[PDB]
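Data first, discussion second: the structure below is written as structure tokens.
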Amino acid sequence: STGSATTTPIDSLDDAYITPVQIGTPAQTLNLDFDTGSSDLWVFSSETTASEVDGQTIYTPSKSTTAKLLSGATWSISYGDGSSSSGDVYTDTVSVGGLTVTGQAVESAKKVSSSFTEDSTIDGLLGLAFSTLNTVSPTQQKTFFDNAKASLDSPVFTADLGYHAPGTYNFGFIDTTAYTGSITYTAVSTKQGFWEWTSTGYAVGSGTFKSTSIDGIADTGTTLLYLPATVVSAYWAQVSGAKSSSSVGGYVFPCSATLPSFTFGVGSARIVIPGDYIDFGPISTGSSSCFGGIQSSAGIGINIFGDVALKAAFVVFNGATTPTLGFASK
Ligand SMILES: NCc1ccc(C(F)(F)F)cc1
């Protein structure tokens, strides 16, 4: 079997991407943020604290003939940005673009932090990292991908994110019409539960490529590209007037600038991120200071190949017994 669903940016900056997911019987369609950096499928629901719901579509397990309470199970998660959510768990039928998993753990939110409440477009998250990161206690649960894997034609999913445009998540197959050239595959470490790999280097604009190992994760659930301070300083030093601002929380640059591209290595292959992908617009409405799409990973403890990097490529998340990541230009 296979699945194919369209993913759409939530706003004019590609702050996050939402993909429709059918849950329960009859179907309840929720727009979830597919996140390769976490492993919990959680939704806003009829159990979410009323004051923490602002325009989201909620899952109501009582209206689903296939919903079953996963007795005694709870979940609690905190993300890298400081956001968090927690609640209880149901099992129900979940379909993504025609691909169905029966008995999938659907984590119902009882509480969500302010960032989730304020994002009216995001009805929940669908985790796609390794199931070892799942927060369900006392019985850890599998991701939608882990549960579907044995039914898939190929044990893979692909992310093809758009730049200010819709894109696609495919499960179980590689769409050979969605990329140019060949897909370069690279080794993955599952030791920290992420799609963790090692980039072979970088170039800034038309500069010479620097061969250097950069360990990091392929994370669809992170907006920006977070790399070592040395790399990030080298990039921003090419933009007149750019600087790191502690009051803003990162590198900013004059909105009047035309940004250089950023190239990252995948083995002997190269993925070029166009300069326009690195512009996140004014820091505040009407400001002439713009926020950079390449930021330092210094306070994080891990480099993150977020949407800024992933949307420049067709990306294969290969969940075979030896997991790998594939990158192709498009
Ligand atoms: N990295 C996971 C994640 C996804 C979305 C959000 C936000 F912005 F919607 F709250 C925060 C964190």
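The numbering of chain A matches Swiss-Prot: 90-419, in order.
Looks like X-ray crystallography, 1.9 Å, at least that's what the header says.
Backbone N, Cα and C define each Cβ position, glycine as well.
According to Swiss-Prot, the feature domain 'Peptidase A1' maps to 106-417.
Annotation source Swiss-Prot lists active site at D124 (among others). For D124 (active site), other Cβ atoms within 10 Å of its Cβ number 22.
Residues or ranges marked as active site in Swiss-Prot: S288 (among others). Counting every protein chain shown, 22 other Cβ atoms lie within 10 Å of the Cβ of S288 (active site).
Of all Cβ atoms in the protein chains displayed, 15 besides its own lie within 10 Å of the Cβ of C344 (disulfide bond). Look at Swiss-Prot and you will find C344-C379 tagged as disulfide bond.
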Conformational class of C344 (disulfide bond) under the three-state DSSP mapping: coil
Three-class DSSP secondary structure - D124 (active site): strand
Candidates near ligand 1 among the recorded positions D124, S288, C344, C379, judged by a Cβ under 6 angstroms: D124
When distances run from the Cα of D124 (active site) to each of the recorded positions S288, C344, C379, the nearest one: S288
In the chain carrying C379 (disulfide bond), residues 6 or more apart in sequence that have Cβ under 8 angstroms from it: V341, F342, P343, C344, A346, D368, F369, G370, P371, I372
